């Protein structure tokens, strides 16, 4: 028997996929997680004890972003092996194609939290290879189920590209994306490109430089917006500024409820 339900903070969440917690953890009805340190436990009694003993009120690592009550923590998987091993076992419950759980040192994880008087509550995260051969600025990304479809997912994507911009480099997420992944990325890419095309002759490589979105990713977005022509084996951006405004005004695209503010980011490569 696999883990199939978890209790974390005040949420219970059913699992979507196999996650390789040790066998005897699968045995239990629920898995109980500390919402701050992410320690997993077998019983409500050990959960309650931990709750009253644990001193953590936020993720480990560095708070590299604070705007209002949204915070992002940078955790190095080398400096915090166990926390990150726990994060990965948690994420694998909802990510089908996540492969890495124990070998965490090559990764740095970015933790989205919303803060109240009690502490900083994890809402989602994305991991990133420290050095990427394939040029992936995200390895895995995930908004926890009860928080999905509220702009946290898109905040994370936005954020992963803000980091790429400060590294003066283009990047694409590791594939395959989930269906929620695909939709959120195509939506983010769309909004970013449309917003910019509103404000005069920019090549696709010019757009790639400004946004840190790869040329393939810009091309495939522009195709779905119907703003790219094919000429002699070359993708040519063909934009009618009325159809740009047309698109924006529509329902499909809009400022996410919540956005990355480059000012409130305290990070450098």
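Positions refer to the first chain, counted from 1.
- The segment from residue 199 to residue 200 is interrupted, since 1 to 3 residues of the deposited sequence in that interval carry no coordinates.
- When 200 to 208 is weighed against 52 to 60, 200 to 208 comes out higher, by mean CA B-factor as recorded in the entry.
- Set 33 to 41 against 229 to 237 and average the Cα temperature factors; 229 to 237 ends up higher.
- Listed residues 160, 169, 85, 184 were ranked by CA B-factor as deposited; 169 comes out on top.
- In the deposited entry, the Cα temperature factor of residue 28 places it in the middle third of its chain's modelled residues.
- Remark: residue 260 belongs to the middle third of its chain, ranked by C-alpha B-factor as recorded.
- Ranked by C-alpha B-factor against the other modelled residues of its chain, residue 145 falls in the lowest third.
- Ranked within its chain, residue 178 lands in the middle third, by CA B factor from the PDB record.
- Split the chain's modelled residues into thirds by C-alpha temperature factor. Residue 189 is in the middle one.
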